[PDB]
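Notes for the one structure printed next.
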Amino acid sequence: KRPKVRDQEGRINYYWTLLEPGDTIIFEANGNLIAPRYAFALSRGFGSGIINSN
Amino acid sequence: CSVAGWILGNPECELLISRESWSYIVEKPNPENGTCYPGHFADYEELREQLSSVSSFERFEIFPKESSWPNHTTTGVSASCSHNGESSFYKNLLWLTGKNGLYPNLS
Amino acid sequence: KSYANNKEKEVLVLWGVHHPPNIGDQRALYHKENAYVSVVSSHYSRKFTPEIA
């Protein structure tokens, strides 16, 4: 039991990973899996960032 | 919405789905439309660092909804994550529940 | 047990988990072969288990 937040008491823990090219990922589960539907093909280039502004 | 909400596909900001290339990301100082379902985002700051150096990405169906889980029901909606009032869920994740009273193992 | 923060300032909470030297101390102090401790909060969740050795 956990404190109530946003009209929900159960909590989902979010995890992520980076698959290198030419590699395989395997999901095994018998319960409590929030499976992926969309992945992202990252193209890396210098000269960016995240800023906070109004 | 924040980087977590953008990357998980928060139901209440889908206008960023179309965008694929950028020069920099602008986030509100105190974002409010983040992870709708409460919980912990593992290595959130590391993911922000990784996304600080991506010029573009392509969104693809890692596991197609229509033809990947025939032994499970892939329709799970939360009251917390509600689009236009109607309950919904993240656009990049699937909540899986037992079908016919059974939850088979998946690999 | 539980405690809600009502002091409006950050509160440092210190606790511990005991590992008895042998199974005998585990079954005498607590009368239980295996034990579990779970400390949870809004943004900190952990489950400790005895490591008898």
The base-10 log of I(q)/I(0) that the Debye equation returns for chain A at q = 0.13, 0.16 Å⁻¹, one scatterer per C-alpha, is -0.67, -0.87
Going residue by residue through segment C:25-36, the Karplus relation 6.51 cos²θ - 1.76 cosθ + 1.60 with θ = phi - 60° gives ³J(HN,Hα) values, rounded to whole Hz and with x marking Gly or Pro, of 5, 5, 7, 8, 5, 10, 6, 6, 5, 10, 10, 8
Calculated from DSSP helices alone, with each H run of at least 4 adding -39500 (n - 2.57) and the total divided by the residues of chain C, [θ]222 nm to the nearest 500 comes to -3500 deg cm²/dmol
With only helices counted (DSSP H, runs n ≥ 4, each -39500 (n - 2.57)), the per-residue ellipticity at 222 nm for chain B, to the nearest 500, works out to -3500 deg cm²/dmol
For the table A:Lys4/C:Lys1; A:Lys1/C:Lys32; B:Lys99/C:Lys47; B:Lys28/C:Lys47, the rows whose alpha-carbon distance is greater than 25 Å are B:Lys99/C:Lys47; B:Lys28/C:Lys47
Expected vector for segment A:43-49, Karplus 3J(HN,Hα) from phi with 6.51, -1.76, 1.60 and θ = phi - 60°, integer Hz, x for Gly and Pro, equals 10, 9, x, 6, x, 8, x
The ³J(HN,Hα) series, computed from each phi in segment A:6-12 with the Karplus coefficients 6.51, -1.76 and 1.60 at θ = phi - 60°, rounded to the nearest Hz and given as x for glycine or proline, is 6, 6, 8, 10, x, 10, 9
Long-range amide H partners of B:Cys81, meaning residues 5 or more apart or on another chain whose placed amide H is closer than 5 Å, are B:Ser88
Contact order relative to length for chain C, counting C-alpha pairs under 8 Å separated by 6 or more residues, stands in percent at 35
Between B:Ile62 and residues 5 or more places away or on another chain, the pairs with built amide H atoms under 5 Å apart involve A:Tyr38, A:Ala39
Amide H neighbours of B:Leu96 at under 5 Å, excluding residues fewer than 5 places away on the same chain, with H built from the backbone geometry, are A:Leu33, A:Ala35
Note on segment B:1-86: contact order normalised by length, alpha-carbon pairs under 8 Å, 6 or more apart, percent, works out to 39
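Each reported figure results from applying straightforward, stated rules to the coordinates on display, with no laboratory input.
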